[PDB]
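J.: I'd like to ask you about the structure that follows.
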Ligand SMILES: [Mg+2]
Ligand SMILES: [Mg+2]
């Protein structure tokens, strides 16, 4: 029972715990499930990678995060005693709010309790404040792990700043560096390694990692992301990552 | 001019772009995914100049679509739209629109104003037989817009052919001259804030008559016409108080005190801009504020008990919904007699009478304690302080909420308590089988001189009030109701109205205070 479901009712309580767990377990993996993509601009772009941001800009500003998951671990690669991962379920209203229909179909099969989210969902505005005081973000020596984390960190910036994403692709990076001094995108690392391609679940098969929790859920995916990083580091990178080379790079950007 | 049929991105060529390094300007956007509704952050993209909302499940369209003043193209093909908004006529820059395969019955007359619209699509909509006849004619696009603009003249907004007769004044008593007395006029008015002044509620009211910029000017002309020595207001957006009501009213000689209904939210500035509350003004030439208060329940004045805690949860609300100020009569208009003037607004609807009833007991119980705190040090001798109370209780005159104030007490079994009948905790608020308080108040509009103080389509009743301590105060005159026959000549179903700014009526009433000795 490593994963822990977090709702608005039992939120402020858990944050007290994470405040104390983050000291000994500073590495944090992260994944988010959102209401899919809906918007795609058209026009002249400075580069293919430039568009990719502009694409990620529209949809992050336009849609609300549905669910978040965070796995706290130490540099060795060990989960803490008690619950290892916290699955944060946000307040998403099926009627008023916007979403792609196919995106909701996949989340229903994954087991998201949409109705319970509306009634007992977390208020993003308030959640930002708590995550700010905790200190996980914007702290020297806290390192972040993620796979396909364009949108992932996209939503996180909008939450903590409570604003639309900057227009300049440059303005977006400078802000991301502050809240998260050290980031390692799991996919950007896979580009360097041989015979590593495909989605996340496809990587788990290559690395022989058992799947815990409901597949393709924000909470479960977060746990699989962190473990798949430590064994990937021990295997193809010799238990070490060059910051300057790989720190601060998100796939597709 | 034509947008490219391929809905595909394009990149500048690498060699020329990179060397020159021109920035990426993207002015076209698409939305897909059979979405149900739209988001507000979309209307913030003022720079957009062409929008593709085709093939979706869009039920309606918000009026904030007009926030794209630069938009020169719009596509709503194959959607589930029932009708278009009226603010669409303010999008002059638009030069091409598509509405194909929707559930459109008739197009809005404001649409003809778009004199720059060169192309229009309507195939697949249930439009009147005549509309489909114009669209078939050669250059039927231009011809149809002219028609929709011809019908917009039929509306003839702001005719204002009728004229408002004045409101009559009634005299209840002469000012007795046995002892020296002070005479001051009071007003009570719920101005209907903009946040809760939507057309969905007041559908009989045109949108131009609901616009706050339109009402705020007609409202203030009413407060200045009455020139009350005390003005009490409800439903006043915080922004508008400091930047409009307190501005225009100082020029006439007032000094007010505001307080928002909610404080614990701590929302963003924009959210806090439209929060309403109760304000109190007063002529300086006659009054001088001695204190200010925003009423709240200390929550410890009661005897600590699980029942009171278990009860208050079902009743308490984060909103304070109450304001009060203590004034002083200037020598010229030794004893230094003061006056407490309270103001309250109950938002809750009739069905939640138990909340409004307990909230009221809560409100007044806190008032009595505030008076005593001031009646000790500031009172010359021991040491009564009067109370001029005006509120919008959202309660009719027979209700229990109103029985408690007029009769000085309420029975613990009153119909309005509902589940809370006979709860021991209620007995604490009184100073048995009945809840009583020290005050002995009396309504200023007793006998139903105004048939109704809130005239809407579905509700006519008396919910605004002005009370006073009878041993100390009396009422010499009240501003009667509007000539009822006029309301019929003009077929006024409800309010607000072109000629009536709020949904409530104003309660101007003249009072009389008794001065002893010199
Ligand atoms: Mg995921
Ligand atoms: Mg009202």
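Following Swiss-Prot, chain B shows residues 6-338, 350-398, 403-451, 459-545, kept in their order.
The backbone N, Cα and C atoms fix where each Cβ goes, and this holds for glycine too.
Feature annotation from Swiss-Prot assigns Mg(2+) 1 binding site to B:240. Per Swiss-Prot, the feature substrate binding site maps to B:240, B:276, B:361, B:366, B:414, B:481, B:486; the stated evidence is similarity to another entry. Marked as Mg(2+) 2 binding site by Swiss-Prot: B:412. The repeat 'LRR 2' annotation in Swiss-Prot covers B:75-96. Annotated repeat 'LRR 3' per Swiss-Prot: B:98-120, in sequence order. The feature repeat 'LRR 4' is assigned by Swiss-Prot to B:121-143.
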J.: Roughly how big, as a whole number of Å, is the Cα gap between residue B:451 and residue B:459 that 7 unmodelled residues would have to close?
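T.: Cα to Cα, the distance spanning the unmodelled stretch is 12 Å.
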J.: Around the C-beta of residue B:240 (Mg(2+) 1 binding site), how many further C-beta atoms are within 10 angstroms, looking at every protein chain?
T.: 24
J.: Across the 11 unmodelled residues, what Cα distance in Å links residue B:338 and residue B:350?
T.: 15
J.: What residues elsewhere in the chain lie close to the repeat 'LRR 2' (B:75-96), defined as a C-beta under 8 angstroms and at least 6 residues from its ends?
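T.: Distant contacts of the repeat 'LRR 2' (B:75-96): 8, 51-69, 102-113, 115-119, 121, 126, 129, 212.
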J.: Express the distance between the Cα positions of residue B:486 (substrate binding site) and the residue listed as 'Mg(2+) 2 binding site' as a whole number of Å.
T.: 15
J.: Cβ distance under 8 Å to residue B:276 (substrate binding site), same chain, sequence separation 6 or more: which residues?
T.: B:270
J.: Which one is closest to residue B:412 (Mg(2+) 2 binding site) in space, judged by CA to CA distance, out of the binding-site residues B:240, B:361, B:366, B:481?
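T.: In terms of Cα distance, residue B:412 (Mg(2+) 2 binding site) lies closest to B:361.
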J.: Taking residue B:398 and residue B:403 as the modelled residues on either side of 4 missing ones, report their Cα-Cα distance in Å, whole number only.
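T.: Per the coordinates, residue B:398 lies 4 Å from residue B:403, Cα to Cα.
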J.: Per DSSP, what is the residue count of the repeat 'LRR 4' (B:121-143) in each of helix, strand and coil?
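T.: Residue counts for the repeat 'LRR 4' (B:121-143) by secondary structure: 8 helix, 3 strand, 12 coil.
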J.: Taking only C-alpha atoms and a 10 A limit, tell me which of B:361, B:366, B:414, B:481 are near residue B:240 (Mg(2+) 1 binding site). These are the binding-site residues.
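T.: Hits: B:361.
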J.: The record names B:240, B:276, B:361, B:366, B:414, B:481, B:486 as the residues that bind substrate; what is their largest Cα to Cα distance in Å?
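T.: Spelled out: the longest distance between any two Cα atoms in B:240, B:276, B:361, B:366, B:414, B:481, B:486 is 30 Å.
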J.: May I ask you to report the DSSP-based helix, strand or coil state of residue B:412 (Mg(2+) 2 binding site)?
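T.: The residue in question, residue B:412 (Mg(2+) 2 binding site), is strand (DSSP, three-state).
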J.: Just to be sure I understand the packing, how many Cβ atoms besides its own are within 10 Å of the Cβ of residue B:412 (Mg(2+) 2 binding site)?
T.: 26
J.: If I restrict to non-local contacts, at least six residues apart, and a C-beta distance under 8 angstroms, what lies near residue B:366 (substrate binding site) in its own chain?
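T.: Listed in sequence order, they are B:414, B:415, B:416, B:419.
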J.: If we count other C-beta atoms within 10 Å, could you say which of the binding-site residues B:361, B:414, B:481, B:486 has the fewest?
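T.: Comparing Cβ neighbour counts within 10 Å for the binding-site residues B:361, B:414, B:481, B:486 gives B:486.
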